[PDB]
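A.B. asks: Following this message is one structure expressed as structure tokens.
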Amino acid sequence: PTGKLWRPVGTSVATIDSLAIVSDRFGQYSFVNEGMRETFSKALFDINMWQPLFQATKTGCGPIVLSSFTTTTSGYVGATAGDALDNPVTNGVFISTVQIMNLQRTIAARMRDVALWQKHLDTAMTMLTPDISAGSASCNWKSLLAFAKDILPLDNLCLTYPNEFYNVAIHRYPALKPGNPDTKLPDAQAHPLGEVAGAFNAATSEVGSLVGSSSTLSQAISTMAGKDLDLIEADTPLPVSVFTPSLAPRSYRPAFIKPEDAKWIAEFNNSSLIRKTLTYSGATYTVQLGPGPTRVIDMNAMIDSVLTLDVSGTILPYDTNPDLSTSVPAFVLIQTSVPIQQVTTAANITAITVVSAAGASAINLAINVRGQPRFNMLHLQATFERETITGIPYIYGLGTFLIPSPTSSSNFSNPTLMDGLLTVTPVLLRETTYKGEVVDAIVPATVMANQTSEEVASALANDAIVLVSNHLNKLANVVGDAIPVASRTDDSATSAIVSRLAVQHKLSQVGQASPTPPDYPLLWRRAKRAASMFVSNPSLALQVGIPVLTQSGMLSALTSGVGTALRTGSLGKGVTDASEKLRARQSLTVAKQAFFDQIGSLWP
Amino acid sequence: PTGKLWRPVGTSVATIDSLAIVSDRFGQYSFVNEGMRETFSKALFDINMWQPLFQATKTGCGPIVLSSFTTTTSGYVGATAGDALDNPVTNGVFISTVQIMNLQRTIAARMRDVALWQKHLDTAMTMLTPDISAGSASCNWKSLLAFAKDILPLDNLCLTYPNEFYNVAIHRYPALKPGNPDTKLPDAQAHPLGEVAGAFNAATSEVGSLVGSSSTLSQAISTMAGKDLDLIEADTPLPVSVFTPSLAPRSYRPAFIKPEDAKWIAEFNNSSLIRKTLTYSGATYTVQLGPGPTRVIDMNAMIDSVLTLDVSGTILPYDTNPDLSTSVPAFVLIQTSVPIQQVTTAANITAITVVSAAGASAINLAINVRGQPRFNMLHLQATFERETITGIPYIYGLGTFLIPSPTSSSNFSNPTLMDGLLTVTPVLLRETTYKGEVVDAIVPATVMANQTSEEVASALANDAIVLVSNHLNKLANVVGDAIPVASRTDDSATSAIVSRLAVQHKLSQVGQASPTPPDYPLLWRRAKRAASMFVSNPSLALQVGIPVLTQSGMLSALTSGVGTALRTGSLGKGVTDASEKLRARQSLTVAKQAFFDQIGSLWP
Amino acid sequence: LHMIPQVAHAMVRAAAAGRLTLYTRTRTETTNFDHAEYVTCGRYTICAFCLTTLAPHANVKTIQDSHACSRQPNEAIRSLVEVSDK
Amino acid sequence: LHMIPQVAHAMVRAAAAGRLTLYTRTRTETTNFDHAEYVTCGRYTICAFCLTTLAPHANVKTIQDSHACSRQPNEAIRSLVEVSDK
Amino acid sequence: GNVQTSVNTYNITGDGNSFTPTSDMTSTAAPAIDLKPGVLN
Amino acid sequence: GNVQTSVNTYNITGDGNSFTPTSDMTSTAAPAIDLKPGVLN
Ligand SMILES: *C(=O)CCCCCCCCCCCCC
Ligand SMILES: *C(=O)CCCCCCCCCCCCC
């Protein structure tokens, strides 16, 4: 049973309506199921432990028995009259609301009390590493004590109550074994209150540490089910939400990104220059679109973000072409009639809006750093919005210069300030971008081995690629973490892949002389580096031309392997290299024993 | 109860599992609930009637009692063990499958048998209108008979069995009253087997006809709930499906439709001519875009349809400008760089595809019809598809001419064959079009009083307007039909509106001298023509500038009135003008009595 | 929705060759704009106060309306007519 | 998907000025196209039989592949190189 | 078509099933149930 | 908020209700139910 206890308000006959939460002057009795007593007992148990320090310091008020907050009522206990009717409990143990209040504020008040002392006991305990993980190692007690008698700073609490803290301590450190009163010798065994827990944390030499290897697994299992690593290369529309894209604002360096390497950025590849004009704040400036191609951020295929083009440390040659100086650098949109990459001359450019200029010309924004005047780090920045560009077939964001007077000097300059580190930040997660279009769902499998070397590094913050990369990256840490894809152990991961290579290379051999019986020693090893190359750089699985990894099978395969692989690790997964791991722990205890030996001499 | 009968297969205790459809050598006994016996009895009853003709002609096989196909089993009868458990029926009347087969093929075999005779009886019966609808009117039997002894063609069956058909007849026509054997006189009352039914169909002078007025109502009620007339001016997205658009291919006459009168059709309003070229089937032709504006079907905002531009009977002046002759007329798409209505000269037109040319020049397609050579009726025709125009910001369908050699003669011609009757047929109902955009849902209330006089007649086959017109049209026939919106009876329809005008004109009077107390005699009459103008031309309620009808209240109001109005008509709704209607029926019976009077003399 | 800009395209073309006739509340035509309410082409009719379309056709003697207010620039179309009336 | 047309834009620019070359199956370069399989720039490598991208690095000495087929026009890029090699 | 077993009295992939229309029994559930005001009561 | 009456023991617009957070009882149902392999069994 569970929930609050109910009782037949109509008396005797208890039906699915003659019940009612048995409330009263104390609040409502909620049932205390077996396991929920484990907690409140485990919590109180950790407080009772500090008994010797509560009396010493006259705080506290006696040991806290959980049997002081409960009661022994009886009735039907459920979550609702209907279902509570199927849990007739007699003399169960319930805790009334007003009690659920004290057991709370008591464990809270006492928790402070101890939390404090417990902190002093520690700066003194750990102040001599009472924990080794291979074999033993003593340190003659006299010295030890006479030593901490020093180190411990005058405001601890282990100097005001030595054997009032010691008695608390003995129950937390199975290192300190108190000398028995009637034989005046230790005990071999150490009996700290955490008897079992402390036994099951020792780094057992057979397998690393059960508490470790156990969690590193349940931890990975969490992720595997959580983010949705499963279904990682699913071939079908998936809401961007399914990718929980967060804290995702990637930055670049356009005016370098080739147009074909990333759809969201077209260029004005035209013969001559395209000097246009525009009255901005009265003054008339001339946008240039200089000698080179001047790659500009396209506006369509640009998920309403927060574009913030930073222009700093980048050269600013106002020294040579004086034409450049005087011009306030500024991010400006450019609506063109004919599609760009077909826009020849000025009459082609519909209009030009200065979405964000920089007050003060190019001769105050400068700063000489050895001849080559740089740009005082400043951030121009628009706030592009999907629909502010409705209808408008062609429009481009360009972080240019806005020259107040074009001249012969700036005839080979080309004032694109795009060489600066632009940082787009998708401000509306629901919508992603792929191959130049804005969508609401991705098709994972499509984005695999479909980008090129740099059609990946040039991805646009929160676009399929960047999403089908953030995803693999989780799955990449589950294998990297739990599975042993980094040793000659032909693990579950590199194993799922090997079975694909076989089934694959086996049918490609079917029909024709079949002169080559499948290899296997070579297949195991080829798939080992395939699974390994993945854990290594999760990204690669997106680039066209990557051995194994990019065939449709793998990944879809890998994950579902790694999947079941985590759901069976056992507990002693740590047996892997638990030999050198062990031998390394003995190595430490031998060096730490060496320490105790000095504590033992210096302070005799 | 209903369904097949089940019985405890496990015996005695019948639980929700110890049951099982009691099947066997006869099939499965299905229960024959009270009403379902009404049908099979009503069906057999109509066959037994023809008893005298079955014996006469040695067919048949005795009267068909429905008690010959059933049985008297008993058990639990439901649709599934679970629910059949709650219908313990004892000695119910079930019909086994193999029986449900005969009662079927018997009623079918016999139905043919009678269907035939029953047809002969008729060509003879109705061959002297035995049905009047006001007062009576006889026709001395001798004459009548001695008359039909003539007319009836030699292959009837009423001449081979006179009083073998007569006995069948007497039970279907309460007009023919047989002379009683032991008093050798009629009976006043007529006792045809359809005693009641025939009594309740007579046009009762108090109210038209219960059988009529009753149905004309249930009929309207069907529609009202069906199509979804309710919610007719709902203000919120509605899937086009909710409008069951079918059999919907509207035709026009572009090159006349103003661009602003219908978004799906832009025009090349440019100064001079725009002669372009294109190699079509080797030969090089020149699309013209002549002197006038040449309105062309825009491609975007064009729901992938089946455009079929017919060019017939329309003038073809190859007589004057010889330039026109020789040019094969053809529907051609035109992708322009700069948006049309901004496309000045040839270099602006990206490309031109002849989506469908007409084999043979303009001098074989002609046909002289009094000087002015016309176009031999022929249909050019593309099959535009939403996505075949993906990306392509500007593209237009144009049914032009394709001149093989532009000349001075065709300098004021302008070969747009759009003056022809184009017929677009939406080939993909799911997607509609509104104000130039393609959507999947309409917002009804939005399309009311939002079109102009002709922003309606220029609507594009299966576009919101054409949908929010097909809808009102149903609701327009429900009122037109059921409700009396065509008499001074201030009906439920014109009444729902009057209450809106009041509540409306009443608050517009609130605040300020209120010198005008609402009218009402004038409001009733104004709303009467408003509801009337609607039934009249349902469309109007879409045009901006229509008195009353176009205020947001009405319609949303009207329908929900007309709604409840139909759900209460009573049965005697026909009482409306049931006076002149009655007086007109007596008028007919007086003229029909006049007929019987001649049948009575000519054939004595 | 007010105007329906196909109506306003008929305003300017009737005022770029001024045929616009300004009518008063007593359904008489004047040329002063101060006493006038109704504005014609003569396709479309608009009361200058509320500035909504009233009748597709002209001849404002047959129009019902209830609005009351004052001055309404644009007088610019009214000013453009008398210049173009020459 | 095969090639990714950014690859084919590197084919023609390596063929406008003929750099490419043709490698055979035994990883030796020839200029005849009849014995040759691999096609370089030297950015990208494509076997002429299956016509898929193989390794963006050149030195086709370090490429693994398993295809076998004959007849592959386009020879036009192969023909454009030897004209542009002068 | 994976075997079930009891959920429903028939397996789909079950032994000797048989798709076979007969002009005699035109398959039909219950769509035209009458509910209109006068007719439902 | 239209009156209901019995469906549920409390009316929403009912007499003397009271929205009033208390730092003391942080509202919480049951999200972290443990089901992982080892822990569920
Ligand atoms: C297992 O599910 C394999 C698929 C076989 C049946 C799936 C559905 C298609 C057949 C329908 C049977 C029920 C009525 C159509
Ligand atoms: C009647 O429904 C009026 C609206 C009042 C409550 C509607 C929902 C908003 C308040 C929620 C109460 C339940 C938990 C939020």
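Residues in the structure tokens are numbered from 1 in each chain, the chains being A, B, ... in the order shown, and ligands are numbered from 1 in the order shown.
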Taking only C-alpha atoms and all ligand atoms into account, list the residues no farther than 7 Å from ligand 2, as a list in words.
C.D. replies: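 The residues near ligand 2 are residues 1, 2 and 12 of chain F.
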A.B. asks: Output as a ChimeraX atom specification all residues of range 31-135 of chain A that backbone DSSP marks as strand (DSSP E or B).
C.D. replies: /A:31,71,75-77,88-89,94-95
A.B. asks: Take the residues that were just selected and, keeping N, CA and C atoms, output them as a PDB file, in the first residue's frame.
C.D. replies:
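Wrote it out as result22.pdb, contents follow:
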ATOM      1  N   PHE A  31       0.427   6.659   4.866  1.00  0.00           N
ATOM      2  CA  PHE A  31       1.080   5.388   5.154  1.00  0.00           C
ATOM      3  C   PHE A  31       2.586   5.414   4.954  1.00  0.00           C
ATOM      4  N   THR A  71       2.591   6.346  14.061  1.00  0.00           N
ATOM      5  CA  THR A  71       1.435   5.891  14.846  1.00  0.00           C
ATOM      6  C   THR A  71       1.040   4.494  14.360  1.00  0.00           C
ATOM      7  N   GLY A  75      -6.830   1.088   8.559  1.00  0.00           N
ATOM      8  CA  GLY A  75      -7.960   1.414   7.714  1.00  0.00           C
ATOM      9  C   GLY A  75      -7.550   1.007   6.322  1.00  0.00           C
ATOM     10  N   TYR A  76      -8.125   1.639   5.308  1.00  0.00           N
ATOM     11  CA  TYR A  76      -7.782   1.330   3.927  1.00  0.00           C
ATOM     12  C   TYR A  76      -6.851   2.416   3.472  1.00  0.00           C
ATOM     13  N   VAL A  77      -5.719   2.050   2.870  1.00  0.00           N
ATOM     14  CA  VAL A  77      -4.793   3.093   2.439  1.00  0.00           C
ATOM     15  C   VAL A  77      -4.470   3.126   0.958  1.00  0.00           C
ATOM     16  N   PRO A  88      -6.710  -2.906   2.448  1.00  0.00           N
ATOM     17  CA  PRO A  88      -7.065  -2.919   3.870  1.00  0.00           C
ATOM     18  C   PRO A  88      -5.819  -3.236   4.676  1.00  0.00           C
ATOM     19  N   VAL A  89      -5.332  -2.249   5.424  1.00  0.00           N
ATOM     20  CA  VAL A  89      -4.150  -2.457   6.254  1.00  0.00           C
ATOM     21  C   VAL A  89      -4.527  -2.355   7.734  1.00  0.00           C
ATOM     22  N   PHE A  94       1.517   4.759  10.157  1.00  0.00           N
ATOM     23  CA  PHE A  94       1.339   5.992   9.396  1.00  0.00           C
ATOM     24  C   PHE A  94       1.953   7.156  10.125  1.00  0.00           C
ATOM     25  N   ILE A  95       2.332   8.197   9.387  1.00  0.00           N
ATOM     26  CA  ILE A  95       2.887   9.394  10.015  1.00  0.00           C
ATOM     27  C   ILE A  95       1.929  10.528   9.664  1.00  0.00           C
TER      28      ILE A  95
END
A.B. asks: Give as a list in words the residues surrounding ligand 1 up to a distance of 12 Å, considering only C-alpha atoms and all ligand atoms.
C.D. replies: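 Counting only C-alpha atoms and all ligand atoms, the residues within 12 Å of ligand 1 come out as residues 1, 2, 3, 4, 10, 11, 12, 13, 14, 17, 18 and 19 of chain E.
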A.B. asks: Write the selection just made, keeping C-alpha atoms, as a compact mmCIF listing (two decimals), in the first residue's frame?
C.D. replies:
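So the final result, stored in part_14.txt, reads:
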# COMPACT_ATOMS: atom_id res chain seq x y z
CA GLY E 1 1.28 -11.79 -37.93
CA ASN E 2 3.20 -13.14 -35.02
CA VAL E 3 1.32 -15.68 -33.10
CA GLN E 4 -0.81 -14.26 -30.28
CA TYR E 10 -8.74 -16.53 -34.06
CA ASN E 11 -5.13 -16.27 -35.07
CA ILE E 12 -4.58 -14.24 -38.23
CA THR E 13 -1.82 -16.44 -39.61
CA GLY E 14 -3.91 -19.24 -38.12
CA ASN E 17 -8.15 -19.14 -42.89
CA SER E 18 -9.58 -17.92 -46.15
CA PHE E 19 -10.20 -14.63 -47.88
A.B. asks: Please determine the contact residues of chain A with respect to chain D at a cut-off of 10 Å, counting only C-alpha atoms, and supply them as a list in words.
C.D. replies: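 Selected residues: residues 258, 259, 260, 261, 446, 448, 449, 450, 451, 452, 453, 455, 508, 544, 545, 546 and 547 of chain A.
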A.B. asks: Please, which residues in chain E fall within 9 Å of chain B when counting only C-alpha atoms, and what is the closest atom pair and distance in Å to one decimal for each, ordered by chain then residue number, as a Markdown table?
C.D. replies:
| residue | atom | partner | partner_atom | distance |
| --- | --- | --- | --- | --- |
| E:24 | CA | B:101 | CA | 8.7 |
| E:36 | CA | B:218 | CA | 7.1 |
| E:37 | CA | B:567 | CA | 6.8 |
| E:38 | CA | B:218 | CA | 8.0 |
A.B. asks: Since we have the selection now, will you write its residues out, keeping C-alpha atoms, as an mmCIF file, in the first residue's frame?
C.D. replies:
data_model
loop_
_atom_site.group_PDB
_atom_site.id
_atom_site.type_symbol
_atom_site.label_atom_id
_atom_site.label_comp_id
_atom_site.auth_asym_id
_atom_site.auth_seq_id
_atom_site.Cartn_x
_atom_site.Cartn_y
_atom_site.Cartn_z
ATOM 1 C CA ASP E 24 -24.099 -13.084 -51.382
ATOM 2 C CA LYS E 36 -32.968 12.355 -35.975
ATOM 3 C CA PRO E 37 -35.312 14.095 -33.495
ATOM 4 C CA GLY E 38 -38.619 12.701 -34.636
#
A.B. asks: Pick out each residue of range 208-268 of chain B that DSSP on the backbone tags as alpha helix (DSSP H); I need them as a PyMOL selection string.
C.D. replies: chain B and resi 210-223
A.B. asks: Give me the residues near residue 482 in chain A as a list in words, where near means some atom within 7 Å (using only C-alpha atoms) and where sequence neighbours in that chain fewer than 4 positions away do not count.
C.D. replies: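 In the requested format, the answer is residues 216, 217, 220 and 478 of chain A.
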A.B. asks: Quick one: everything within 9 Å of residue 383 in chain B, counting only C-alpha atoms, minus sequence neighbours fewer than 5 positions away in the same chain. Send it as an MDAnalysis selection string.
C.D. replies: chainID B and resid 304:308 355 427
A.B. asks: I need the chosen residues saved as a PDB file, in the first residue's frame, with N, CA, C and O atoms.
C.D. replies:
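Once everything was written out, this is selection_33.pdb:
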ATOM      1  N   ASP B 304      -1.496  22.875 -57.446  1.00  0.00           N
ATOM      2  CA  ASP B 304      -1.229  21.904 -58.513  1.00  0.00           C
ATOM      3  C   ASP B 304      -2.514  21.365 -59.135  1.00  0.00           C
ATOM      4  O   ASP B 304      -3.104  20.398 -58.647  1.00  0.00           O
ATOM      5  N   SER B 305      -2.931  21.999 -60.225  1.00  0.00           N
ATOM      6  CA  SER B 305      -4.164  21.637 -60.916  1.00  0.00           C
ATOM      7  C   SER B 305      -3.951  21.027 -62.279  1.00  0.00           C
ATOM      8  O   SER B 305      -2.898  20.507 -62.628  1.00  0.00           O
ATOM      9  N   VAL B 306      -5.010  21.106 -63.026  1.00  0.00           N
ATOM     10  CA  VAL B 306      -5.022  20.685 -64.407  1.00  0.00           C
ATOM     11  C   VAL B 306      -5.567  21.870 -65.190  1.00  0.00           C
ATOM     12  O   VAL B 306      -6.752  21.960 -65.458  1.00  0.00           O
ATOM     13  N   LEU B 307      -4.670  22.767 -65.538  1.00  0.00           N
ATOM     14  CA  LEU B 307      -5.032  23.941 -66.334  1.00  0.00           C
ATOM     15  C   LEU B 307      -5.313  23.504 -67.758  1.00  0.00           C
ATOM     16  O   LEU B 307      -4.444  22.902 -68.387  1.00  0.00           O
ATOM     17  N   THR B 308      -6.493  23.810 -68.277  1.00  0.00           N
ATOM     18  CA  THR B 308      -6.791  23.449 -69.652  1.00  0.00           C
ATOM     19  C   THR B 308      -7.387  24.660 -70.351  1.00  0.00           C
ATOM     20  O   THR B 308      -8.599  24.870 -70.332  1.00  0.00           O
ATOM     21  N   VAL B 355       5.085  24.410 -72.456  1.00  0.00           N
ATOM     22  CA  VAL B 355       4.482  23.283 -71.750  1.00  0.00           C
ATOM     23  C   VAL B 355       3.440  22.520 -72.562  1.00  0.00           C
ATOM     24  O   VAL B 355       3.031  21.429 -72.173  1.00  0.00           O
ATOM     25  N   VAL B 427      -6.349  19.461 -58.823  1.00  0.00           N
ATOM     26  CA  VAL B 427      -6.135  18.023 -58.795  1.00  0.00           C
ATOM     27  C   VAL B 427      -5.376  17.610 -57.549  1.00  0.00           C
ATOM     28  O   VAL B 427      -4.254  17.124 -57.611  1.00  0.00           O
TER      29      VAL B 427
END
A.B. asks: List the neighbours of residue 241 in chain A out to 8 Å using only C-alpha atoms; skip same-chain residues closer than 2 positions along the sequence, and give me the result as a list in words.
C.D. replies: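 Surrounding residues, per the criterion: residues 239, 243, 244, 245, 429 and 430 of chain A.
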A.B. asks: What lies within 12 Å of range 17-22 of chain C using only C-alpha atoms, ignoring chain neighbours under 6 positions off, as a CSV table (one decimal) with N, CA, C and O atoms, in the first residue's frame?
C.D. replies:
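That gives us out-v7.csv:
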chain,number,residue,atom,x,y,z
C,10,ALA,N,-9.2,53.0,-57.4
C,10,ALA,CA,-10.2,53.7,-58.1
C,10,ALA,C,-10.4,55.1,-57.6
C,10,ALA,O,-11.0,56.0,-58.3
C,11,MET,N,-10.0,55.4,-56.4
C,11,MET,CA,-10.0,56.8,-55.9
C,11,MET,C,-9.1,57.7,-56.6
C,11,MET,O,-9.4,58.8,-57.1
C,28,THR,N,-26.6,66.5,-51.4
C,28,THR,CA,-26.3,67.5,-52.5
C,28,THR,C,-24.8,67.6,-52.7
C,28,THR,O,-24.1,67.5,-51.7
C,29,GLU,N,-24.4,67.9,-53.9
C,29,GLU,CA,-23.0,67.9,-54.2
C,29,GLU,C,-22.4,69.3,-53.9
C,29,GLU,O,-23.1,70.3,-54.2
C,30,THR,N,-21.3,69.4,-53.3
C,30,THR,CA,-20.5,70.6,-53.1
C,30,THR,C,-19.1,70.4,-53.5
C,30,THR,O,-18.7,69.2,-53.8
C,31,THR,N,-18.3,71.5,-53.5
C,31,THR,CA,-16.9,71.4,-53.8
C,31,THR,C,-16.0,72.0,-52.7
C,31,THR,O,-14.9,72.4,-53.0
C,32,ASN,N,-16.4,72.0,-51.5
C,32,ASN,CA,-15.7,72.7,-50.4
C,32,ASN,C,-15.0,71.8,-49.4
C,32,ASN,O,-14.2,72.3,-48.6
C,33,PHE,N,-15.5,70.5,-49.3
C,33,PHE,CA,-15.1,69.4,-48.4
C,33,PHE,C,-15.4,69.7,-46.9
C,33,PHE,O,-15.4,68.8,-46.1
C,34,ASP,N,-15.9,70.9,-46.6
C,34,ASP,CA,-16.2,71.2,-45.2
C,34,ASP,C,-17.6,70.7,-44.8
C,34,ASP,O,-17.8,70.2,-43.7
C,35,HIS,N,-18.6,70.9,-45.7
C,35,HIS,CA,-19.9,70.4,-45.5
C,35,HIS,C,-20.1,69.0,-46.1
C,35,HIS,O,-21.2,68.4,-45.9
C,36,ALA,N,-19.1,68.5,-46.8
C,36,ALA,CA,-19.3,67.2,-47.6
C,36,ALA,C,-19.0,66.0,-46.8
C,36,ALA,O,-18.0,66.0,-46.0
C,37,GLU,N,-19.7,64.9,-47.0
C,37,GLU,CA,-19.5,63.6,-46.3
C,37,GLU,C,-19.1,62.6,-47.4
C,37,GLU,O,-18.1,61.9,-47.2
C,38,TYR,N,-20.0,62.4,-48.4
C,38,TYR,CA,-19.8,61.3,-49.3
C,38,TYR,C,-18.9,61.6,-50.4
C,38,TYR,O,-18.8,62.8,-50.9
C,39,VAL,N,-18.1,60.6,-50.8
C,39,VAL,CA,-17.1,60.8,-51.8
C,39,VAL,C,-17.3,59.7,-52.9
C,39,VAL,O,-17.2,58.5,-52.6
C,40,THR,N,-17.4,60.1,-54.1
C,40,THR,CA,-17.7,59.2,-55.2
C,40,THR,C,-16.6,59.2,-56.2
C,40,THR,O,-15.6,59.8,-56.1
C,41,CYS,N,-16.8,58.3,-57.3
C,41,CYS,CA,-15.8,58.3,-58.4
C,41,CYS,C,-16.4,58.7,-59.8
C,41,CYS,O,-16.0,59.7,-60.4
C,42,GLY,N,-17.5,58.1,-60.3
C,42,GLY,CA,-18.6,57.3,-59.7
C,42,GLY,C,-18.8,55.8,-59.7
C,42,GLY,O,-19.8,55.3,-60.1
C,43,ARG,N,-17.7,55.1,-59.4
C,43,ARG,CA,-17.9,53.7,-59.1
C,43,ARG,C,-18.3,53.6,-57.6
C,43,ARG,O,-19.4,53.3,-57.3
C,44,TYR,N,-17.3,53.9,-56.7
C,44,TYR,CA,-17.5,53.6,-55.3
C,44,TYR,C,-17.8,54.8,-54.5
C,44,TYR,O,-17.4,56.0,-54.8
C,45,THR,N,-18.5,54.6,-53.4
C,45,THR,CA,-18.9,55.7,-52.5
C,45,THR,C,-18.3,55.5,-51.1
C,45,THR,O,-18.5,54.4,-50.5
C,46,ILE,N,-17.7,56.5,-50.5
C,46,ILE,CA,-17.1,56.5,-49.2
C,46,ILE,C,-17.5,57.7,-48.4
C,46,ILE,O,-17.3,58.8,-48.9
C,47,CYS,N,-18.1,57.6,-47.2
C,47,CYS,CA,-18.3,58.7,-46.3
C,47,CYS,C,-17.0,59.2,-45.8
C,47,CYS,O,-16.2,58.3,-45.3
C,48,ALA,N,-16.7,60.5,-45.8
C,48,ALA,CA,-15.4,60.9,-45.4
C,48,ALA,C,-15.1,60.8,-43.9
C,48,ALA,O,-14.0,60.9,-43.5
C,58,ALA,N,-22.6,54.4,-57.7
C,58,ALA,CA,-22.7,55.8,-57.3
C,58,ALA,C,-24.2,56.2,-57.1
C,58,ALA,O,-25.0,55.3,-57.0
C,59,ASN,N,-24.4,57.5,-57.1
C,59,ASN,CA,-25.8,58.1,-57.0
C,59,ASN,C,-26.2,57.9,-55.5
C,59,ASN,O,-27.1,57.1,-55.2
C,60,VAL,N,-25.6,58.6,-54.6
C,60,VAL,CA,-25.7,58.6,-53.2
C,60,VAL,C,-27.0,58.9,-52.6
C,60,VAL,O,-27.2,58.9,-51.4
C,75,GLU,N,-7.3,65.6,-47.3
C,75,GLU,CA,-7.8,66.6,-48.3
C,75,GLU,C,-7.0,66.6,-49.6
C,75,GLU,O,-7.3,67.4,-50.5
C,77,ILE,N,-6.5,64.3,-52.0
C,77,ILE,CA,-7.2,63.9,-53.2
C,77,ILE,C,-8.2,65.0,-53.5
C,77,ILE,O,-8.4,65.2,-54.7
C,78,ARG,N,-8.9,65.6,-52.5
C,78,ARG,CA,-9.7,66.7,-52.8
C,78,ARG,C,-9.0,67.9,-53.4
C,78,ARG,O,-9.5,68.5,-54.3
C,79,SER,N,-7.8,68.1,-53.0
C,79,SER,CA,-6.9,69.2,-53.6
C,79,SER,C,-6.4,68.8,-54.9
C,79,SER,O,-6.3,69.7,-55.8
C,80,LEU,N,-6.2,67.5,-55.2
C,80,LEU,CA,-5.7,67.0,-56.5
C,80,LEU,C,-6.8,67.1,-57.6
C,80,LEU,O,-6.4,67.2,-58.7
C,81,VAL,N,-8.1,67.1,-57.2
C,81,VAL,CA,-9.1,67.1,-58.2
C,81,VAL,C,-9.2,68.5,-58.8
C,81,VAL,O,-9.2,68.7,-60.0
C,82,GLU,N,-9.3,69.6,-58.0
C,82,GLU,CA,-9.5,70.9,-58.5
C,82,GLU,C,-8.3,71.4,-59.3
C,82,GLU,O,-8.4,72.3,-60.1
C,83,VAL,N,-7.1,70.9,-59.0
C,83,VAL,CA,-6.0,71.2,-59.9
C,83,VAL,C,-6.1,70.5,-61.2
C,83,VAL,O,-5.9,71.0,-62.3
C,84,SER,N,-6.6,69.2,-61.1
C,84,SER,CA,-6.8,68.4,-62.4
C,84,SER,C,-8.1,68.7,-63.0
C,84,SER,O,-8.4,68.1,-64.1
C,85,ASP,N,-8.9,69.5,-62.5
C,85,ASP,CA,-10.2,69.9,-63.1
C,85,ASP,C,-10.0,70.8,-64.2
C,85,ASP,O,-10.9,71.0,-65.1
C,86,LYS,N,-8.8,71.5,-64.3
C,86,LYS,CA,-8.5,72.4,-65.4
C,86,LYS,C,-7.9,71.6,-66.6
C,86,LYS,O,-8.7,71.3,-67.5
A.B. asks: Excluding range 165-178 of chain A and any residue of its chain fewer than 4 positions from it, enumerate the residues within 8 Å of it, using only C-alpha atoms, and give them as a list in words.
C.D. replies: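 Once the nearby chain positions are removed, what remains is residues 49, 50, 51, 52, 53, 121, 130, 131, 158, 161, 186, 187, 190, 191, 192, 193 and 194 of chain A.
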A.B. asks: Compile a residue-level contact table for chain A against chain B at a cut-off of 8 Å, reporting for every qualifying residue the shortest atom pair and its distance in Å to one decimal, with only C-alpha atoms counted, rows ordered by chain and ascending number, as a Markdown table.
C.D. replies:
| residue | atom | partner | partner_atom | distance |
| --- | --- | --- | --- | --- |
| A:337 | CA | B:338 | CA | 5.4 |
| A:338 | CA | B:338 | CA | 5.1 |
| A:339 | CA | B:337 | CA | 7.2 |
| A:393 | CA | B:393 | CA | 6.1 |
